[PDB]
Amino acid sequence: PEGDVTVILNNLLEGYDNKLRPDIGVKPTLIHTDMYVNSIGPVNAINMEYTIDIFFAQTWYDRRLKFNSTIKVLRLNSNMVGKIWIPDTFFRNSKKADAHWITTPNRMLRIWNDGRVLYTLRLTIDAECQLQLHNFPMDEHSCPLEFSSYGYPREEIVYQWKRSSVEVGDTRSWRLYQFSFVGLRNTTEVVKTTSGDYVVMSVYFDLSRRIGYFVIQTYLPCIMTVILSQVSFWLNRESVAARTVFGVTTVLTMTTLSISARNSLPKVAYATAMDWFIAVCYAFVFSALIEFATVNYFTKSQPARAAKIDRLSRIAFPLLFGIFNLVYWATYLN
């Protein structure tokens, strides 16, 4: 058993050429690929990237590895991956890709009597995903993970999936706070370039954001500040300093609140759905102050208008904000 297998391996590596692909000049090696996502790491819209942990696998046929024996498979470790030919698979949108070396290189190599080889390695990848976060925090995104051969175009190497194209793991372990995993799709294609026409393989992951954090962190404090600014309507104009504090301080906070909200988010040039919510709330607050200045400029001389303004503001200002909230939420809710 042990001695037999030892000779089967030595007899397959004596005249073997790691530097040469199988089916060189004969046919295109077919690689049946599969993928198991262990986790979906933190999404970093700042650098427009995201982390992913997977068990990636490639299965090709190598003629030089045919052996006659009673055993079916040669369950081996990673020590043989360097002594056989391995595809030059690389990821076209990866910012960095790392392997796992504890306790041993996290790779397995399985060989069949037919010459079929199963090679799967654990990987963690930081893939680039440009995000159109315009509906933020009510935005929907799909992020790819492209991979193809680096040096063997379509003529030499080709890829295709199984029916188990992708297999997701326990979603609770996944560290995705602001997003929720929903979709997963696969695509095959051939992109033309100067070095050749390579067959590229992509797998999109679909993520829908959550408002829970931002609702508590931004929308609520914004909704309560406009309300506070409208309590100023239920005070007299005699206490000018009082209602002046009301307006001056509320426009101050809606300002700081906006900067505090955008600081933790990517520095995008355009405006997001939240920035709009923060913008119009600032107007509801700023409009409440100028209202008092107008009422004050009229109170001393003409208390006619200066009195009926507050009567109508106490109805419009609160009711005009609520209608806006319905317009905002319902527009994005569905």
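All residue numbers refer to positions in the sequence shown, first residue = 1.
Comparing 112-120 with 91-99, the higher mean C-alpha B-factor in the PDB entry belongs to 112-120. For the segment pair 232-240 and 200-208, the entry gives 232-240 the higher mean B-factor, averaged over Cα atoms. The residue among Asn135, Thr225, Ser173, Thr218 whose C-alpha carries the highest B-factor in the deposited model is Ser173. Within the listed group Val251, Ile125, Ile259, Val158, the record reports its top CA B-factor for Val158.
Ranked by C-alpha B-factor against the other modelled residues of its chain, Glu189 falls in the middle third. Looking at the C-alpha B-factors along this chain, the one for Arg154 belongs to the middle third.
Split the chain's modelled residues into thirds by C-alpha temperature factor. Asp139 is in the middle one. Among the modelled residues of its chain, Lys72 has a C-alpha B-factor that falls in the highest third according to the deposited record. In this PDB entry, the Cα temperature factor of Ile86 sits in the middle third of its chain's modelled residues.
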